[PDB]
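Single chain ahead, by itself, as structure tokens, in the form deposited in one PDB entry.
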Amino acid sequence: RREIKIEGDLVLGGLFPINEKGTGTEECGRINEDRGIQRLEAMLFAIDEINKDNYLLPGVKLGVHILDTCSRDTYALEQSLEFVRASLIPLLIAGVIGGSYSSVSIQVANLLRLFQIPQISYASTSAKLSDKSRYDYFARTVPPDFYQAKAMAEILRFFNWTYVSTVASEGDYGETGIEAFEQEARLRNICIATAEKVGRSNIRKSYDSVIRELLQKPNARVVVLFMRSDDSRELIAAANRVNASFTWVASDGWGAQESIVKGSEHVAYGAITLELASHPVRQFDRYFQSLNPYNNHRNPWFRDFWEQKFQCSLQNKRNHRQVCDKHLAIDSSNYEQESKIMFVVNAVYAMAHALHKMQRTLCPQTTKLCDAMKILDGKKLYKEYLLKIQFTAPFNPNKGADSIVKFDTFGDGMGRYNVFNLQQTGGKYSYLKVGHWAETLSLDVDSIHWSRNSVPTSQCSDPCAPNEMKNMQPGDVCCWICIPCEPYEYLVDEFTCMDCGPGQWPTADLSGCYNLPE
């Protein structure tokens, strides 16, 4: 029953998957170090900054009510009830920053709209959230997967991978994510060997069952993944067991997380993953590294985070061993800023800027929460916020690389992705940016380290022998058979054989015919 409650003139609720999904009967599991703790700290950071900022909400201190979602929508929903009971000890909520997993953002949105409470997700990408008739109070600083799906399809179409398999996560993130991909797939002439899908609470066996079915399509050596972070971890693990190997092409669900591949590094080597395009918030690196169990008491999950990151123990852990070195610290050698921090910070500032514009508008005489703002009009706020356009929280250099935060009519953000390749070059395994997708694909093929040192081949049927075989398309448009030709025929084209005619015989290379002597 942990939570962060900091009082303020106005309070923002937050939701982060601080903990991984609990297995079996338990609701919460291990600490989600990067996407959980880091993202949570980034919001605390943003709030701190805004509270030192004399040009943004001066005179109005922002407070927070942050809750753990334990990576489960139902859990996130019961937690959220805490935000609405408020509008009746309980803190009034101006708006809610949060929802990492699309499934929780969606469910929380269904609840928050009933009380007209604006919500901004810093990571949920499901296309469903764009539906403003169902999620009329939801915005996000990231784009919908309508685009990430295109980026993936075009990557495949580029390297001519026409026969690929797909495994997706049950839910609003994976299923709609994959569906979008499959549609983009047909359009680019790409067939799906097998469409696998893992679901809720699935145990090892469900995944082992998928690795097999994937292996039952040997020609399909490229497997497209649209799965939850946790699910992706399980699939790569199930592939390690039976030492199965494919070329993975996964969505941001997997992203650039090194934790997903830990303990199976060789099985995911040479994988291509996508992640939202962003640039680290330097000032945040300073803030985070300065954090330790001695100075960070406002984060009730920090000690568990600490003990797990360093394999610690103090006097606040389970009945184990190995006390912890008091000189331990989060620094440049054991920490790398999470890919979406920028979006978390921008989401909090978006809400901040929105409240500020509203405060200047309804409270023209002071910098304080006058009476007209005593009870916020959530509906209005959402459309004083949708029209928001501002330069990325100071923490972003320049202003030319369109570092402006604003929203669609749907409330979404700009669709920019970076393509990564899992490498290991220097003994260690890391993610290298090998391209990106702005509106069209773009990647320097040379820097990509493929699995088995060779640019993968993923086609339904084998290439034809030159010397004679012709390409023959059966009923579909991805599979074909190779029919050798009569020694007197030549290949008028890849698909057709033709008699060279009397007096003539085909050329050694079969491209044409030549006269016969005697």
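Heads up: residue numbers just count along the shown sequence, starting at 1.
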Check your understanding: Between us, would residue 100 come up missing in a third or more of the other compared entries?
Key -> no
**Study point:** Other entries modelling both neighbours but not residue 317, at least a third
**Key:** yes
Review point. From residue 88 to residue 89, how many deposited residues does the entry skip: none, 1 to 3, 4 to 9, or 10 or more?
Key: 10 or more
Exercise for review: Would you tell me which stretch averages the higher CA B-factor in the PDB entry, 63-71 or 469-477?
Suggested key: 469-477
Review point. Should the higher mean CA B-factor in the entry be assigned to 398-406 or to 252-260?
Key: 398-406
Point to revise | Highest recorded Cα temperature factor - choice among 341, 358, 203, 108 | key: 203
Point to revise | Candidate set 266, 353, 298, 368 [ranked by C-alpha B-factor, highest] | key: 266
Practice item. Determine, from the deposited record, the chain-internal third of the Cα B-factor for residue 32: lowest, middle or highest. Key: middle
Practice item. Within this chain's modelled residues, let me know which third the CA B factor of residue 50 belongs to: lowest, middle or highest. Key: lowest
Review point. What third of its chain, lowest, middle or highest, does the C-alpha temperature factor of residue 507 fall into?
Key: middle
Revision key, fill the gap. Chain thirds by Cα B factor, record data; residue 302 belongs to the lowest
Check your understanding: Mind checking which third residue 426 falls in for C-alpha B-factor across the chain?
Key -> highest
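One more form of this protein exists, namely the form deposited in another entry; it is left out here, but the text below deals with it.
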Revision key, fill the gap. From 70, 53, 265, 460, the hinge of the rigid-body change between this form and the one not shown corresponds to 460
